[PDB]
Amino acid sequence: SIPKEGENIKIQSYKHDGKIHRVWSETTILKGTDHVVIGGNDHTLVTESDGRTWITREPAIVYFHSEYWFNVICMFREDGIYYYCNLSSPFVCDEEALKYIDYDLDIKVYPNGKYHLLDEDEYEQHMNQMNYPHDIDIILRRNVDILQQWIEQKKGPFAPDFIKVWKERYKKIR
């Protein structure tokens, strides 16, 4: 169930109601442990819930954790490193894909370190429409606070040395 280094995997995101949200066709595995999966992708096909497709324009390093309710996408744009963080179930991985539930809230981090919590409106609507249990609401709000602290502390994928190591490792394997 732990992906191997050099493996190309699919990533499948779902909503709480079981519907597919988004699928990324190809991510190369850089690190696979029981707790952490790091991958890189570049010009991967992306499929939306209506089947519509688009191809990513730039490389990304992706960070998944088995014990935290978020995952982190690290983007290399012309004026520096952008992060897009999903609030989410932790991941599971099987032969089909690395899989998680998308829980609406998102955090964007700019090259200057500024972060913004996005999609409180999306979250409120979906939590009512799909009847998220109280304990999911508590865990997600706890994990928003944990993720803001990781960003402020430059912990995990927010460490500049993390970016140096994995961006170079992906450039070599690709």
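Heads up: residue numbers just count along the shown sequence, starting at 1.
Note on 27-35 vs 114-122: mean CA B-factor is higher in 27-35. According to the PDB record, 160-168 carries the higher mean C-alpha B-factor of the two stretches 160-168 and 12-20. Highest CA B-factor among the listed residues (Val62, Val144, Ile138, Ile55): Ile55. Split the chain's modelled residues into thirds by C-alpha temperature factor. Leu45 is in the highest one. Ranked within its chain, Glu78 lands in the highest third, by CA B factor from the PDB record. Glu96 sits in the middle third of its chain by CA B factor, as recorded in the PDB entry.
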